[PDB]
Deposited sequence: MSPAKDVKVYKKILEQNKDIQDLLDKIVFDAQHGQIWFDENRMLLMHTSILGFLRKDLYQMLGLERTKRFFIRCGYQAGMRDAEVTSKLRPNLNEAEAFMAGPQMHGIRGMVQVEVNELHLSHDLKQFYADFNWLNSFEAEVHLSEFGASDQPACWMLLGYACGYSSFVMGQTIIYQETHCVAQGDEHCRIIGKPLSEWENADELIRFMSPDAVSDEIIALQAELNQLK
């Protein structure tokens, strides 16, 4: 009854337990344990840097986001920018990664203008990061955040960057992000700006 606006998305998800397949349109998926992600994160951190690990989860996310936007692209042409864009935040729910809640969204392809402010609720990433690390000193939601930047950047034809303003990892009640075109912040590893920003805004 109540995934009225999700439904068109669910309609592309095919479970096929009997053949070891799960599909979103043309692409496969895997139902994965979060605590297994928690291990992959700590093991990576142990092998590489905080920095190289960080960088991986973000680039990862950027990818997932771009692919979902490819997918959900030819999918709501009846609708407008805002309602189509939403597919993104909805997919993050669908994949059980995070609950997106919109404080503010203003966008327009042709104006090359974007500003998003959302609350992330129930982030897995923050939850797993606490087990393996405890109270962090920076935000933890790298993957979610890469995906955020990715999805968005696909949708507008320009690079959209997010800052995680508050994070459950850091003790904040919910997590929160803000997203604006790269330049409105005063070779496509956009991965490096994200880290440089959370740095050069102490």
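Taken in order along the deposited sequence, the stretches absent from the coordinates are 1-14, 201-210, 227-229.
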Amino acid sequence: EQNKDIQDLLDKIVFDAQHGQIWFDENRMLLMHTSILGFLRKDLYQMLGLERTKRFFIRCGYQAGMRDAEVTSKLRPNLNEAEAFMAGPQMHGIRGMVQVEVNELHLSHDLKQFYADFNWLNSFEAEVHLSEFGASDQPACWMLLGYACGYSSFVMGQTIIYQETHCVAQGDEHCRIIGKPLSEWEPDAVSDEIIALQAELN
From here on, numbers count along this sequence of modelled residues.
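Gaps at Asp25 occur in none of the other compared entries of the protein that contain both adjacent residues, all of which model it rather than a third dropping it. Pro187, present in the displayed chain, goes without coordinates in a third or more of the other PDB entries compared that cover both sides of it. Averaged over CA atoms, B-factors in the entry run higher in 73-81 than in the other of 99-107 and 73-81. Higher mean CA temperature factor between 190-198 and 14-22: 190-198, per the PDB entry.
Per the deposited record, the Cα B-factor of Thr165 falls in the lowest third when ranked against the other modelled residues of its chain. Split the chain's modelled residues into thirds by C-alpha temperature factor. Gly49 is in the highest one.
When all modelled residues of the chain are sorted by CA temperature factor, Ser152 is found within the lowest third. When the modelled residues of the chain are ordered by their C-alpha B factor, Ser136 lands in the middle third. Per the PDB record, residue ranking by Cα B-factor puts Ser35 in the middle third of the chain.
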